[PDB]
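Quick heads-up: it's one chain on its own, the form deposited in one PDB entry, in structure tokens.
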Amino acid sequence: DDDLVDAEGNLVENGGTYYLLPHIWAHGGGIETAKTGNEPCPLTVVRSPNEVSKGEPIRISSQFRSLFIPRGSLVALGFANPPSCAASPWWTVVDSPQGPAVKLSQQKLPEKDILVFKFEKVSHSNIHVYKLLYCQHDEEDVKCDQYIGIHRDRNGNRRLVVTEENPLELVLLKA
């Protein structure tokens, strides 16, 4: 009896693959990649336009050697099947013309650049739904004082970005 649970009451496996869908059957569907702005290849993390697609299976990993994901543990999120052009399938947050945005990198990232996320359960509806926090390494004590949200750009790409009052609610579903 811990925290992270999928869309089946079942516990989330550290290093397992899941579909990150929305709480509301609106907005969009699962998470996937897309080539936005002036990127050479799919480096932008977005929420599928299709509000019915399960998106890409996402690996959720904690540094801890536990089979489950420890409470209040920072996690890294990466695509099970990356775009190839990415040096790593792990997400990271970089400064973009639209503010800190969730993107993949062509350069190999260090642990501290990808382990910047953390889940927040929502007891509302009791259904397994979580808000995604973004943590930045301050000094001997990181600060998870920010959430990840959406930024519908010019072409309609639902980009995952760092926001303050536009948090994202997700339900993890095994893949």
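Shifts are known only where both forms have a C-alpha. In this text, residue numbers run from 1 along the sequence as written. Rigid core here is just the name for the largest C-alpha set that superposes within 1.5 Å across the two forms.
In what follows, reference is made to the form deposited in another entry, a form of this protein that is not presented.
Compared between the shown form and the other one on the core, the listed residues 131, 54, 27, 35 keep their C-alpha shifts below 2 Å, save 27. Note: residue 163-residue 24 Cα separation is 3 Å or more shorter in the other form than here. In contrast to the form presented, in the other form the C-alpha positions of residue 147 and residue 126 spread farther apart by 3 Å or more. Taken over residues common to both forms, the rigid core alignment between the shown form and the other one yields 1-3, 24-28, 124-126 as runs of three or more consecutive residues whose Cα atoms shift by 2 Å or more.
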